[PDB]
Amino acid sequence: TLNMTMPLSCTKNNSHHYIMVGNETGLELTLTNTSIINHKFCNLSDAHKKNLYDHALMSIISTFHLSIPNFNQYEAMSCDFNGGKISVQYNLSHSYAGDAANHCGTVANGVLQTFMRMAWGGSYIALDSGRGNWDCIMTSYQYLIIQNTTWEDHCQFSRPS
């Protein structure tokens, strides 16, 4: 065992949902005030890391039917790799209306949107964006964390690195 055992994803204070892409593998989406990736980097230095990254986000967009509007906006994002299993952390700026509106055309916002509409946990506020069905979602959560993990382990945070 390397370093000390990781905290739980499934907590009384967290909102979480699991997307099962593979036969038992998938993505654990966690909305938290707990930071998992402690650096400011997302180094996709090789084609494999870039490929693992695109597959993770493609999975979320496909499953949630995210039609993300082009607002030329971005979420603060860290990523790391642990033997082929990616971790993606969004430092969400959705705590205030103005902040949410400027980080509205993002995957993280699409996830927040699904959590709200599916009632998966947590309370949110929907701001009418400029276009159709897309809402800018407010949340008090600081982090959205996405980890490639198994169903047996989805309730515990994986090691980022």
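Numbering starts at 1 and runs along the sequence shown.
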Of the two stretches 140-148 and 9-17, which shows the higher Cα B-factor on average in the entry? 9-17
Of the two stretches 129-137 and 54-62, which shows the higher Cα B-factor on average in the entry? 129-137
By the CA temperature factor listed in this entry, which of these ranks top: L112, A119, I36, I68? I68
Lowest, middle or highest third - CA B-factor, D46: highest
What third of its chain's C-alpha B-factors does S123 belong to: lowest, middle or highest? highest
C-alpha B factor of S87, ranked within the chain: lowest, middle or highest third? lowest
When the modelled residues of the chain are sorted by Cα temperature factor, does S78 land in the lowest, middle or highest third? lowest
